[PDB]
Amino acid sequence: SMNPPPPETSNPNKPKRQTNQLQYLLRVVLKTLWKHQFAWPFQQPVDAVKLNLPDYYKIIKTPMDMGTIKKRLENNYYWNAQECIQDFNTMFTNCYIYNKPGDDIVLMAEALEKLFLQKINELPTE
Ligand SMILES: Cc1cnc(Nc2ccc(C(=O)NC3CCNCC3)c(F)c2)nc1Nc1cc(NS(=O)(=O)C(C)(C)C)cc(C(=O)N[C@@H](CCC(=O)O)C(=O)O)c1
């Protein structure tokens, strides 16, 4: 089947606030993962058509990627920091659902998740 449209990243009707937690999520957490050797397979939605991935968007009905997260942070899409943390965790979980344990993409996701947890350990208080 065709790829779905990407997740929404901006909504002018959503209320906007800046918090220490959201700032840290963009400037520390996202930034660190984005520059990692293994960021690139996660920097945009999975193009399952081009990659010929069987049934990808039947298996993965809550897709998420770091390009979407980055835009959401930049557009003040998130009100609560937990919304952003949940999006990262959805991305990791989705990788572990679709792909065999120990395969290359899974090892890349695990390396990014380890870094994510290191940085989240120092998230500012609410
Ligand atoms: C986030 C994510 C999750 N799950 C997957 N599952 C995949 C993906 C690919 C394959 C694959 O190619 N299997 C071969 C053919 C069938 N038999 C076995 C060998 C696979 F089996 C599973 N992939 C995700 N992300 C992702 C992965 C990859 N490649 S990869 O092999 O996993 C690796 C080199 C190890 C990272 C590429 C991109 C990507 O975005 N590439 C281009 C645009 C697309 C294009 O040009 O075709 C870009 O960078 O823009 C993204």
# chains A, B, ... in the order shown; residues from 1 in each chain; ligands from 1
>>> residues_around(residues="region 124-126 of chain A", least_positions_apart="6", cutoff="10 Å", atoms="only C-alpha atoms", output="short mmCIF file (atom, residue, chain, number, x, y, z; two decimals) with N, CA, C and O atoms, in the first residue's frame")
data_model
loop_
_atom_site.label_atom_id
_atom_site.label_comp_id
_atom_site.auth_asym_id
_atom_site.auth_seq_id
_atom_site.Cartn_x
_atom_site.Cartn_y
_atom_site.Cartn_z
N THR A 19 9.08 25.61 27.98
CA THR A 19 9.45 25.16 29.32
C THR A 19 10.90 24.70 29.29
O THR A 19 11.45 24.40 28.22
N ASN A 20 11.50 24.64 30.47
CA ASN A 20 12.87 24.12 30.57
C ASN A 20 12.96 22.72 29.99
O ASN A 20 13.93 22.38 29.31
N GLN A 21 11.95 21.88 30.27
CA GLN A 21 11.96 20.51 29.77
C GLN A 21 11.90 20.47 28.25
O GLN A 21 12.66 19.74 27.61
N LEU A 22 10.99 21.25 27.65
CA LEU A 22 10.87 21.22 26.19
C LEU A 22 12.12 21.79 25.52
O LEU A 22 12.56 21.28 24.48
N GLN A 23 12.69 22.84 26.10
CA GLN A 23 13.93 23.39 25.55
C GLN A 23 15.04 22.36 25.58
O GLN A 23 15.79 22.22 24.60
N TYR A 24 15.18 21.65 26.70
CA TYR A 24 16.19 20.61 26.82
C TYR A 24 15.95 19.49 25.82
O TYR A 24 16.90 18.95 25.24
N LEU A 25 14.68 19.13 25.60
CA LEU A 25 14.39 18.05 24.66
C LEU A 25 14.85 18.40 23.25
O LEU A 25 15.28 17.52 22.50
N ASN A 80 3.18 19.27 26.85
CA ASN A 80 3.82 18.52 27.92
C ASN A 80 5.05 17.81 27.37
O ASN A 80 5.01 17.22 26.30
N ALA A 81 6.14 17.86 28.14
CA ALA A 81 7.36 17.16 27.74
C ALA A 81 7.13 15.67 27.55
O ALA A 81 7.78 15.05 26.71
#
>>> select_by_dssp(residues="region 6-38 of chain A", states="alpha helix (DSSP H)", output="JSON, numbers by chain")
{"A": [20, 21, 22, 23, 24, 31, 32, 33, 34]}
>>> write_last_selection(atoms="N, CA, C and O atoms", output="PDB file, in the first residue's frame")
ATOM      1  N   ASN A  20      11.505  24.637  30.471  1.00  0.00           N
ATOM      2  CA  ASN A  20      12.865  24.120  30.567  1.00  0.00           C
ATOM      3  C   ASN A  20      12.958  22.716  29.994  1.00  0.00           C
ATOM      4  O   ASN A  20      13.932  22.379  29.311  1.00  0.00           O
ATOM      5  N   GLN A  21      11.953  21.882  30.268  1.00  0.00           N
ATOM      6  CA  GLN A  21      11.963  20.513  29.769  1.00  0.00           C
ATOM      7  C   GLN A  21      11.899  20.472  28.249  1.00  0.00           C
ATOM      8  O   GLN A  21      12.658  19.736  27.611  1.00  0.00           O
ATOM      9  N   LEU A  22      10.990  21.247  27.648  1.00  0.00           N
ATOM     10  CA  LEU A  22      10.870  21.223  26.191  1.00  0.00           C
ATOM     11  C   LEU A  22      12.117  21.788  25.521  1.00  0.00           C
ATOM     12  O   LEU A  22      12.559  21.280  24.483  1.00  0.00           O
ATOM     13  N   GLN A  23      12.695  22.839  26.101  1.00  0.00           N
ATOM     14  CA  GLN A  23      13.925  23.393  25.554  1.00  0.00           C
ATOM     15  C   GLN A  23      15.043  22.363  25.580  1.00  0.00           C
ATOM     16  O   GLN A  23      15.786  22.216  24.603  1.00  0.00           O
ATOM     17  N   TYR A  24      15.180  21.655  26.700  1.00  0.00           N
ATOM     18  CA  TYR A  24      16.193  20.610  26.822  1.00  0.00           C
ATOM     19  C   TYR A  24      15.952  19.490  25.819  1.00  0.00           C
ATOM     20  O   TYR A  24      16.900  18.945  25.238  1.00  0.00           O
ATOM     21  N   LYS A  31      19.053  17.110  19.643  1.00  0.00           N
ATOM     22  CA  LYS A  31      20.305  17.500  19.000  1.00  0.00           C
ATOM     23  C   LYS A  31      21.347  16.394  19.081  1.00  0.00           C
ATOM     24  O   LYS A  31      22.025  16.097  18.089  1.00  0.00           O
ATOM     25  N   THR A  32      21.497  15.777  20.252  1.00  0.00           N
ATOM     26  CA  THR A  32      22.505  14.736  20.416  1.00  0.00           C
ATOM     27  C   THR A  32      22.183  13.525  19.549  1.00  0.00           C
ATOM     28  O   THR A  32      23.066  12.974  18.885  1.00  0.00           O
ATOM     29  N   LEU A  33      20.923  13.102  19.526  1.00  0.00           N
ATOM     30  CA  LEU A  33      20.571  11.948  18.707  1.00  0.00           C
ATOM     31  C   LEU A  33      20.692  12.271  17.225  1.00  0.00           C
ATOM     32  O   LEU A  33      21.144  11.433  16.438  1.00  0.00           O
ATOM     33  N   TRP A  34      20.287  13.479  16.833  1.00  0.00           N
ATOM     34  CA  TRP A  34      20.268  13.859  15.426  1.00  0.00           C
ATOM     35  C   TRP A  34      21.655  13.821  14.814  1.00  0.00           C
ATOM     36  O   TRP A  34      21.793  13.508  13.628  1.00  0.00           O
TER      37      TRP A  34
END
>>> residues_near_ligand(ligand="ligand 1", cutoff="8 Å", atoms="only C-alpha atoms and all ligand atoms", output="VMD selection string")
chain A and resid 38 40 to 53 65 91 94 to 95 98 to 99 103 to 106 108 to 109
>>> write_last_selection(atoms="N, CA, C and O atoms", output="short mmCIF file (atom, residue, chain, number, x, y, z; two decimals), in the first residue's frame")
data_model
loop_
_atom_site.label_atom_id
_atom_site.label_comp_id
_atom_site.auth_asym_id
_atom_site.auth_seq_id
_atom_site.Cartn_x
_atom_site.Cartn_y
_atom_site.Cartn_z
N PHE A 38 24.14 7.00 13.70
CA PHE A 38 23.00 6.17 13.33
C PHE A 38 21.69 6.95 13.23
O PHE A 38 20.62 6.33 13.18
N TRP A 40 20.46 8.72 10.76
CA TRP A 40 19.86 8.92 9.44
C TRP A 40 18.67 8.03 9.12
O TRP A 40 17.72 8.52 8.49
N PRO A 41 18.63 6.74 9.50
CA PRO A 41 17.43 5.95 9.17
C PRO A 41 16.19 6.39 9.90
O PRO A 41 15.09 5.92 9.57
N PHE A 42 16.35 7.25 10.91
CA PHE A 42 15.28 7.71 11.78
C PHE A 42 14.97 9.19 11.58
O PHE A 42 14.15 9.74 12.32
N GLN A 43 15.61 9.85 10.62
CA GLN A 43 15.49 11.30 10.46
C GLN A 43 14.27 11.73 9.65
O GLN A 43 14.05 12.92 9.48
N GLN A 44 13.48 10.78 9.16
CA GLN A 44 12.30 11.07 8.36
C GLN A 44 11.40 9.85 8.45
O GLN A 44 11.84 8.78 8.88
N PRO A 45 10.14 9.97 8.03
CA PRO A 45 9.28 8.79 7.98
C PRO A 45 9.88 7.69 7.13
O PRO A 45 10.60 7.94 6.16
N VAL A 46 9.59 6.45 7.50
CA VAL A 46 10.05 5.31 6.73
C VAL A 46 9.32 5.26 5.40
O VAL A 46 8.09 5.16 5.35
N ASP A 47 10.08 5.30 4.31
CA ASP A 47 9.50 5.18 2.97
C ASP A 47 9.44 3.69 2.65
O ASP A 47 10.37 3.11 2.07
N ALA A 48 8.34 3.05 3.07
CA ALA A 48 8.21 1.61 2.92
C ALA A 48 8.04 1.20 1.48
O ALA A 48 8.35 0.06 1.12
N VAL A 49 7.55 2.10 0.63
CA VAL A 49 7.45 1.81 -0.79
C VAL A 49 8.84 1.71 -1.41
O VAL A 49 9.17 0.72 -2.06
N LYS A 50 9.68 2.73 -1.20
CA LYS A 50 11.02 2.71 -1.78
C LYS A 50 11.87 1.59 -1.22
O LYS A 50 12.68 0.99 -1.94
N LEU A 51 11.72 1.30 0.07
CA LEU A 51 12.50 0.25 0.71
C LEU A 51 11.89 -1.12 0.53
O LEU A 51 12.50 -2.11 0.95
N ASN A 52 10.70 -1.22 -0.07
CA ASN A 52 10.04 -2.50 -0.33
C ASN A 52 9.85 -3.30 0.96
O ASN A 52 10.17 -4.49 1.03
N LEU A 53 9.29 -2.65 1.98
CA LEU A 53 9.10 -3.29 3.28
C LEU A 53 7.70 -3.88 3.36
O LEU A 53 6.72 -3.11 3.42
N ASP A 65 9.05 9.43 13.86
CA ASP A 65 10.43 9.56 13.43
C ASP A 65 10.99 10.85 14.01
O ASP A 65 10.24 11.72 14.45
N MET A 91 8.91 5.58 18.52
CA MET A 91 9.86 5.30 17.44
C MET A 91 10.72 4.08 17.75
O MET A 91 10.91 3.20 16.90
N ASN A 94 8.51 0.86 17.76
CA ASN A 94 8.15 0.49 16.39
C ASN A 94 9.29 -0.25 15.70
O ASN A 94 9.06 -1.19 14.93
N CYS A 95 10.52 0.19 15.95
CA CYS A 95 11.67 -0.48 15.34
C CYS A 95 11.79 -1.91 15.85
O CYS A 95 12.05 -2.83 15.06
N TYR A 98 8.97 -4.29 14.22
CA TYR A 98 9.01 -4.65 12.82
C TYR A 98 10.23 -5.48 12.45
O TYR A 98 10.19 -6.25 11.48
N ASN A 99 11.33 -5.34 13.19
CA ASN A 99 12.63 -5.85 12.79
C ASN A 99 13.14 -6.90 13.76
O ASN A 99 12.86 -6.86 14.96
N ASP A 103 19.29 -7.34 14.39
CA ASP A 103 19.55 -6.87 13.04
C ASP A 103 20.11 -5.45 13.07
O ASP A 103 19.99 -4.73 14.06
N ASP A 104 20.70 -5.05 11.94
CA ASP A 104 21.40 -3.77 11.87
C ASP A 104 20.54 -2.60 12.33
O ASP A 104 20.97 -1.80 13.16
N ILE A 105 19.32 -2.47 11.80
CA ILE A 105 18.48 -1.33 12.17
C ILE A 105 18.16 -1.35 13.66
O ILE A 105 18.06 -0.30 14.31
N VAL A 106 17.97 -2.55 14.23
CA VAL A 106 17.68 -2.67 15.66
C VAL A 106 18.88 -2.27 16.50
O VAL A 106 18.73 -1.57 17.51
N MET A 108 21.10 -0.14 15.62
CA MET A 108 21.17 1.32 15.53
C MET A 108 20.18 1.97 16.47
O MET A 108 20.52 2.92 17.19
N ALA A 109 18.94 1.48 16.48
CA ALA A 109 17.94 2.03 17.39
C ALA A 109 18.37 1.87 18.84
O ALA A 109 18.17 2.78 19.67
#
>>> atom_distance(atom1="CA of residue 59 (chain A)", atom2="CA of residue 113 (chain A)")
21.1 Å
>>> closest_residue(among="A:55, A:100, A:36, A:5", to="residue 114 (chain A)", atoms="only C-alpha atoms")
A:36
>>> residues_around(residues="residue 64 (chain A)", least_positions_apart="5", cutoff="8 Å", atoms="only C-alpha atoms", output="number ranges by chain")
A: 7, 45, 69, 87-88, 90-91
>>> write_last_selection(atoms="N, CA, C and O atoms", output="PDB file, in the first residue's frame")
ATOM      1  N   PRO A   7       3.104  12.258  10.106  1.00  0.00           N
ATOM      2  CA  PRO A   7       2.365  12.792  11.253  1.00  0.00           C
ATOM      3  C   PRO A   7       2.299  14.310  11.196  1.00  0.00           C
ATOM      4  O   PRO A   7       3.161  14.975  10.619  1.00  0.00           O
ATOM      5  N   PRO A  45      10.141   9.973   8.032  1.00  0.00           N
ATOM      6  CA  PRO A  45       9.276   8.789   7.984  1.00  0.00           C
ATOM      7  C   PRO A  45       9.879   7.687   7.126  1.00  0.00           C
ATOM      8  O   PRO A  45      10.605   7.936   6.159  1.00  0.00           O
ATOM      9  N   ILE A  69       9.567  14.627  15.198  1.00  0.00           N
ATOM     10  CA  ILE A  69       9.765  15.133  16.555  1.00  0.00           C
ATOM     11  C   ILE A  69      10.444  16.493  16.527  1.00  0.00           C
ATOM     12  O   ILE A  69      10.059  17.418  17.256  1.00  0.00           O
ATOM     13  N   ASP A  87       6.832  10.137  22.026  1.00  0.00           N
ATOM     14  CA  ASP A  87       7.114   9.995  20.599  1.00  0.00           C
ATOM     15  C   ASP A  87       8.448   9.291  20.358  1.00  0.00           C
ATOM     16  O   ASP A  87       8.543   8.416  19.489  1.00  0.00           O
ATOM     17  N   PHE A  88       9.490   9.647  21.111  1.00  0.00           N
ATOM     18  CA  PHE A  88      10.755   8.921  20.983  1.00  0.00           C
ATOM     19  C   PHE A  88      10.558   7.445  21.293  1.00  0.00           C
ATOM     20  O   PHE A  88      11.052   6.568  20.570  1.00  0.00           O
ATOM     21  N   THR A  90       7.854   5.646  21.138  1.00  0.00           N
ATOM     22  CA  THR A  90       7.109   5.012  20.054  1.00  0.00           C
ATOM     23  C   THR A  90       8.026   4.662  18.895  1.00  0.00           C
ATOM     24  O   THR A  90       7.942   3.560  18.339  1.00  0.00           O
ATOM     25  N   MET A  91       8.912   5.577  18.521  1.00  0.00           N
ATOM     26  CA  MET A  91       9.856   5.304  17.442  1.00  0.00           C
ATOM     27  C   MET A  91      10.719   4.080  17.751  1.00  0.00           C
ATOM     28  O   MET A  91      10.908   3.203  16.896  1.00  0.00           O
TER      29      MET A  91
END
>>> residues_around(residues="residue 16 (chain A)", least_positions_apart="2", cutoff="8 Å", atoms="only C-alpha atoms", output="VMD selection string")
chain A and resid 14 18 76 to 79
>>> atom_distance(atom1="CA of residue 66 (chain A)", atom2="CA of residue 28 (chain A)")
13.6 Å
